[PDB]
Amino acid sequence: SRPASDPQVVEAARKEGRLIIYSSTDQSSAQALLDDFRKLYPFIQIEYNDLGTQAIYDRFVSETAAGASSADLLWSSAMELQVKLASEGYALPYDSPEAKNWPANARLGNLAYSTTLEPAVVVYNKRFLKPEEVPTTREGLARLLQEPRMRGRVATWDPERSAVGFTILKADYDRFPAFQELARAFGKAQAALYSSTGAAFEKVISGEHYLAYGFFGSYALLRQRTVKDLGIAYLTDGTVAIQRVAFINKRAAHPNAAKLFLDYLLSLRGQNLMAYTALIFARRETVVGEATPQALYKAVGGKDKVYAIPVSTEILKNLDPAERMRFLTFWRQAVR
């Protein structure tokens, strides 16, 4: 199909000829979307900057303050940082014609948009834990992590080095009382903390760890295609879902190419390519593939077991110094 971008926006984007992206989306997961968008619009050269969530924020703020060349479009899983920027004058207002039935809590008016509904899952190495050994609750994982064999065998986020690690563990702490028991079991099991999914997965795949808690189901699905021993367990007591936020740089040199790429990401075409080929868990329900809301809800035991973090100015509460203090004081003491 063809994203419903205005023909004037397509022509203005052809005159630009170039799109600069700053994204936290691993290029391995983004590549089929970049390739399909280039098929749709062969007259746009894409520069894809695969970067950490905190680095995207710091670099965009710096380059903007210097009056320097920056990104046309920012795409990041660190929801609070994206909502902060889009609510402080960094976002180009644009009403996507592909976002007409987005819920109000999946967009910041016309400033920024949900592009995904991506669960925080458990991944494990089947050579070391069989599917039957891997509990699907915070209470059951706390019990497994009491076992001597699990000491040194757990990976999770470092929320002090990954801004999305903070997004995901902060939401878990806020919504699930059992997260506290689980965090103390991270301490008991001497959990190693990582600033990226890839660094935690590498250790699970080698067997250095048996289990990783809280990383993107999107990355796990795609890694499974080439790594037979990767298992995925979905939490049935409650699953945190992030929504990768996209917004256009207010000072983009190529605003129209950015509009085309945003509309593509939100379109049936982009969302189906996410669900079927990229194996990024799509935001849209009307999709076919393995990485769908329907597949997520079936695995966790209903939509009511998913807490989707909203794309809302309300989530900036998580950046309040007292709220960061409460979470990080509890966290640091539990996991050491």
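In this text, residue numbers run from 1 along the sequence as written.
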Original post:
For the C-alpha atoms alone, is the average B factor greater in 267 to 275 or in 35 to 43, going by the entry?
Top reply: 35 to 43
Original post:
Once you work out the mean C-alpha B-factor for both 257 to 265 and 229 to 237 from the entry, which is higher?
Top reply: 229 to 237
Original post:
Among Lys84, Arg107, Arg143, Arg244, where is the Cα temperature factor highest, going by the PDB entry?
Top reply: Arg143
Subject >> Of the residues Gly198, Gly89, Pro177, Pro119, the one carrying the largest Cα B-factor as recorded >> reply: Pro177
Subject >> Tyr124 by Cα B-factor - lowest, middle or highest third of the modelled chain >> reply: middle
Original post:
With respect to C-alpha B-factor, does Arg153 fall in the lowest, middle or highest third of the chain as deposited?
Top reply: middle
Subject >> CA B-factor placement of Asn249, once the chain's modelled residues are sorted into thirds >> reply: middle
Subject >> Within-chain third of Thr115 by Cα B-factor, per the entry >> reply: lowest
Subject >> Among modelled residues of the same chain, the CA temperature factor third for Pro131 >> reply: highest
